[PDB]
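In the block that follows, a single chain appears as structure tokens, in the form deposited in one PDB entry.
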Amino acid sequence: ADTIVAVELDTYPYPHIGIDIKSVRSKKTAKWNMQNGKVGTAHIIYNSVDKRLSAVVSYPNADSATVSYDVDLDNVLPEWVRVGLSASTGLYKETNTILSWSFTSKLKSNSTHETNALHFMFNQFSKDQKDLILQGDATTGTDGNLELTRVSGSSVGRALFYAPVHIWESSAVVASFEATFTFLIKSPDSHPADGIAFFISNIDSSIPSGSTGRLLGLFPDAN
């Protein structure tokens, strides 16, 4: 199937932030205080020296939650990947609006003035966002935002950046990436089941069949 590494924020049947390395059974999780209707901000960072994937989710007035996991991505992910955002809603009326998304990847060689870098920043999505590959119920343009799930009952959507990303190289001394997105989960329900995730996958990843709910449109089954 696909190779997935993802930082997920879910409230399915307890809300927690977690790190998934190829399985929905989070390798590490942290208690998350999901704030309905408030804009949240996830910061994800990783570097080949530390070989540690770290995440921080904070809200204004701020209850930050953070989870880290030691892992050498060189052994998990393919050399070239595509990065993206995912979301799945349970049986509840709710949205998973992405207000902004920015990413930065760098490969520094042994070679002096070594650097290879890719950087994108979306602070406003357009109706025709040709540099985003939308999958599922994901769409753009709504207020300049990115609606991962359909806005108005079991919906899944994803948005991946068009250009493949050279996330690692055997001849780099330090490889590193950093992602940041601001989201808005609004539900009229008091305890909605929902999930958003920043994921890294093989370039041609697609929504597995049956990847709804707890599977975040990332995994085909709970193994």
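Just so we're on the same page, rigid core means the largest C-alpha set that superposes within 1.5 Å between forms. Residue positions are given as counts along the sequence shown, with the first one as 1.
- According to the entry, the stretch of the deposited sequence that connects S152 to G153 contains 4 to 9 residues lacking coordinates, which leaves a gap of moderate length in the model.
- Going from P13 to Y14, the model skips 4 to 9 deposited residues, which lack coordinates.
- Look at the mean CA B-factor for 214-222 and for 3-11 in the entry; the higher one is 214-222.
- If you average the C-alpha B-factors over 52-60 and over 182-190, the higher value belongs to 182-190.
- Each of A172, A65, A163, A197 has a CA temperature factor in the record; the biggest one is found at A172.
- The residue among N123, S86, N116, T142 whose C-alpha carries the highest B-factor in the deposited model is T142.
- Per the deposited record, the Cα B-factor of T97 falls in the middle third when ranked against the other modelled residues of its chain.
- Looking at the C-alpha B-factors along this chain, the one for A30 belongs to the highest third.
- When all modelled residues of the chain are sorted by CA temperature factor, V71 is found within the middle third.
- Among all modelled residues in its chain, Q135 ranks in the middle third by Cα B-factor.
- In the PDB entry, a CA B factor belonging to the highest third of its chain's modelled residues is recorded for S209.
The following text describes the form deposited in another entry, which does not appear among the structures shown.
- Core-superposed comparison between this form and the one not shown: CA of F120 displaced by less than 2 Å.
- With the core held fixed, the Cα of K31 is displaced between this form and the one not shown by less than 2 Å.
- Comparing the forms between this form and the one not shown, the C-alpha position of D137 differs by less than 2 angstroms, with the core used for superposition.
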